[PDB]
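Enquirer: following this: a sequence and the matching experimental structure.
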Amino acid sequence: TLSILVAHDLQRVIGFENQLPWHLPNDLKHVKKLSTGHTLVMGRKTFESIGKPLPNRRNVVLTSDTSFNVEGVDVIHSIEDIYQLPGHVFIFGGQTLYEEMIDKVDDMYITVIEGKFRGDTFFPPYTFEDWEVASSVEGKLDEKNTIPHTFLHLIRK
Ligand SMILES: NC(=O)c1ccc[n+]([C@@H]2O[C@H](COP(=O)([O-])OP(=O)(O)OC[C@H]3O[C@@H](n4cnc5c(N)ncnc54)[C@H](OP(=O)(O)O)[C@@H]3O)[C@@H](O)[C@H]2O)c1
Ligand SMILES: COc1cc(Cc2cnc(N)nc2N)c2c(c1OC)O[C@@H](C1CC1)C=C2
């Protein structure tokens, strides 16, 4: 498959100053579970955010920098190289990847954070006319997980 994996808030904020606007361990665990043993594609900025590869999956970074060579990372330099990777590919971030990818992907694993954050980056506006709710599951709250959130899985109609 080719999937978006994203958390965005009630106004489609994904990002502030090159970080998540929220502490939400449960969603990062969601990320682990979904993506372990699989492939992530991310833009250069998001990779700098994470700061190195995530273990136990394939890590692929899209970048115009031809001198990019990072232990444990496969570089690519066009959107088109994505379509050639084997297996289940998660589009991992960030804003620009989602923009370039969102009409191309089979489905999306969105976490909706039921808050309003300050952001400087956003998820593309989308319509539920275009997208079927394969599943919607309320995130569980504790002290360590204190924002309401819902895990959507959408498939292109
Ligand atoms: N909420 C979430 O689920 C989530 C997940 C990840 C990231 N984020 C957020 O997203 C924001 C980052 O988004 P962003 O748009 O600024 O950055 P980004 O998408 O992570 O990275 C963009 C970079 O990717 C490379 N790139 C993108 N398209 C390319 C193409 N077609 N050909 C060659 N290279 C290409 C370029 O790198 P070069 O300049 O090196 O060429 C470009 O500057 C941050 O705020 C971060 O916190 C949110
Ligand atoms: C933009 O920053 C991040 C994006 C992301 C990507 C990300 C996060 N959350 C969701 N729902 N989708 C995503 N694509 C992550 C992330 C980020 O901060 C390091 O943390 C890591 C944990 C520490 C290893 C995991 C994911």
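Expert: Arrived safely. Numbering: from 1, shown residues only. Ligands and ions are numbered 1, 2, ... in the order given.

Enquirer: once you drop chain neighbours, what's closest to residue 125?
Expert: Excluding its sequence neighbours, the residue lying closest to residue 125 (C-beta to C-beta, 6 or more residues apart in numbering) is residue 12, at 6.7 Å. The way it works is simple: take the backbone N, C-alpha and C, and place the C-beta from them, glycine included.

Enquirer: bridging residues for residue 137?
Expert: residue 151 (DSSP bridges).

Enquirer: distance check, it against ligand 1.
Expert: Distance, residue 137 to ligand 1, by C-beta to the nearest ligand atom, to the nearest Å: 17 Å.

Enquirer: what's the neighbour count on that residue?
Expert: By the criterion of other C-beta atoms under 10 Å, residue 137 has 11 neighbours.

Enquirer: how close does it sit to ligand 2?
Expert: Following C-beta to the nearest ligand atom, the distance that separates residue 137 from ligand 2 is 14 Å.

Enquirer: wait, that residue touches residue 151, no?
Expert: Yes - Residue 137 is within contact range of residue 151, at 4.8 Å (criterion: C-beta atoms under 8 Å).

Enquirer: what about the strands in this structure?
Expert: Along the chain, counting by DSSP state E, strands occupy 2-9, 13-15, 39-43, 58-62, 73-76, 89-93, 107-113, 121-122, 131-138, 149-156.

Enquirer: return the most buried member of the ones you listed.
Expert: strand 89-93 (a mean of 25; mean count of other C-beta atoms under 10 Å).
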